[PDB]
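Encoded as structure tokens, the structure appears first; notes follow it.
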Protein chains: 2
Amino acid sequence: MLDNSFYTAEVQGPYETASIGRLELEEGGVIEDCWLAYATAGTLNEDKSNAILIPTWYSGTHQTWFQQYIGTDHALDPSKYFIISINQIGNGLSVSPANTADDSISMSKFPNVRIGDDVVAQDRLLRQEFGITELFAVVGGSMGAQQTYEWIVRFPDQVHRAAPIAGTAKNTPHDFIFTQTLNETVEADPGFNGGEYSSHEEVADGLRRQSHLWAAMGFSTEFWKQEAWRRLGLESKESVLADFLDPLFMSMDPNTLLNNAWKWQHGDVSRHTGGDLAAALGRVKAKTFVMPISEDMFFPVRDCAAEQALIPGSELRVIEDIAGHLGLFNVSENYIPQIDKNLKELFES
Amino acid sequence: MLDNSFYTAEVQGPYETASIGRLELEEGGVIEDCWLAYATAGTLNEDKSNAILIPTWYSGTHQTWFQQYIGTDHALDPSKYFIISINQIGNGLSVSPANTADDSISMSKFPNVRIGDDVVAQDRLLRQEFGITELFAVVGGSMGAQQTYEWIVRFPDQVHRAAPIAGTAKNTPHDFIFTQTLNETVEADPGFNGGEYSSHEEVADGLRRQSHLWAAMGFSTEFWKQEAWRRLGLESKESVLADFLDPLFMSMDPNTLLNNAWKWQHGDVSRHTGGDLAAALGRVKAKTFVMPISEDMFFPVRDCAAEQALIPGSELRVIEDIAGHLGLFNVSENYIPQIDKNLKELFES
């Protein structure tokens, strides 16, 4: 069990942690004491029908959602809905390699968690702590979109609306390759010590290298060419890395990243139908708005549009953002307005 | 001076090496004995007017051109033209960090060579060895396209036709960032030893990591999603790396790669006009066919099309290839046919 000031309430914002008990993973592993970290906003109504679930994405928590997406002047209105965000397993806030009390699964002994394991865990938490059996809507970005797809496919009758933003239901081979390069440069750091490091500050070089890898793929060529980072109040291109991206990733836990990266690499909702993705997404009953980002480099529109054509009664709402995938951080002026417009229309139907 | 069987005539094909003497570089450095490696095909006519120059690209030599692009049944016909390919400085075949006899510039002491330095060197070789003062055409890919742009801007009256394939005239900030990640993972290898290694086999891990970085950026999402590597006779996605890309890069010299990577990072033909790219490309007198690859991830059409709109009398001929940038290796069925069609039309006018 390590100490990282980044993974605290003082940084990520207020949140609670409840345990759902023994969780048997699909890959074989077992988490004896599986506890999740969640944050809520708003009041659950009488018949518990205004609940909205928000899964976190890679290298992220609930913080971004509560400080960019959630508000009374937004679609995700805590005045109308009970908005709950549950952190991924091993994401650093929930039960993770570098914070678990269990010695059998501590650090490099932490098991492999699939997206399906998260959704199973989330459903258990929602029932146990709030008695929620149906969700008004499920909204998530990147890996959160993967969990969104898993939710509406695994528990079709438990979700009314879905908003998978910038993410696919079945991971494409290119996504795997890219994610592999992310893991390699981190494992390349000798300070990593095969997952048995004493501090995340020892793997500082590897974390910084991954940061640069995100600068290359997580944005767009036009983002850099037009210097769109200027509206963020940054001086130069190099300042974008050294004063923003690099400090961010260097503050994170390598084991946590590697864990969620694996989860990301094996996202596949077609596991429920023996591989037939068309048959899997055919199960979808929820009203779905597939919302990719226009300039998303590793989650391109064509990939998302292909899946959207398999989801019955769904619509494709492309979000125009020059910042590409990392536009999820709300670094563009017109990003949130587009998000709110589409989500409001989704919440109306 | 090291020994690498990869950088030999037995692998890259037959070639000659001549010295152009003292070469003072723009960055300040000096190469006392500057010798280049070149390969030729065809016969130079009476008035020396059928010469075609082909600069090499990153991590490459003349081999690909002579085994994919050049032939009697191709546009680059050695029956009509004297086709000469001159290897970049420090590319492994020409005077390089790991083959120079000069101790003052050996290995990690090797100076910084710009694209402009290559073109100056190439012009000297062409005059010294063949008395060529004008070129029928200049054709190059990637960094070869950069040298193509430099040629038609620096020596406007010495080039009649130009075919910059999949490359820009002025390096965009995104290209710099991507190239930086390539250099980092190589320098991350402890076996690299700050450029003072005894064998390229010591930096095997870093070279392999760069290979994977190319698999992520050098192709396209559709290339992997449609498994276009099957026509190459490869079994699986993993086989594409382990049995093709990884062995290729692991066979190369780290210092050579780092040198050409720097050169790539500082490609700027607007240096001749104080930064005004529009004014620089305005100097172009040669008939130019800007030919980007449709799915090129880090040399996208929009970037190339922007430059093409500044070159007077030029045309834009986009090459349709799912393989993206690495389509230059002729891994697609319809690649060379497109290349030959456009080049023939260029050679006609």
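Method reported for this entry: X-ray crystallography, 3.2 Å.
Note: Cβ is positioned from N, Cα and C throughout, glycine not excepted.
Look at Swiss-Prot and you will find B:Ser142 tagged as active site, nucleophile. According to Swiss-Prot, the active site annotation covers B:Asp296, B:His325, on the basis of a curator's inference. What Swiss-Prot lists as domain 'AB hydrolase-1' is B:60-329.
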Secondary structure at B:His325 (active site), reduced by DSSP to three states: helix
Rounded inter-Cα distance in Å - the residue listed as 'active site, nucleophile', B:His325 (active site): 8
Count of other CB atoms lying within 10 Å of the CB belonging to the residue listed as 'active site, nucleophile': 27
Integer Å distance between the CA atoms belonging to B:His325 (active site) and B:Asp296 (active site): 5
Surrounding CB atoms that lie within 10 Å of the CB of B:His325 (active site), all protein chains: 25
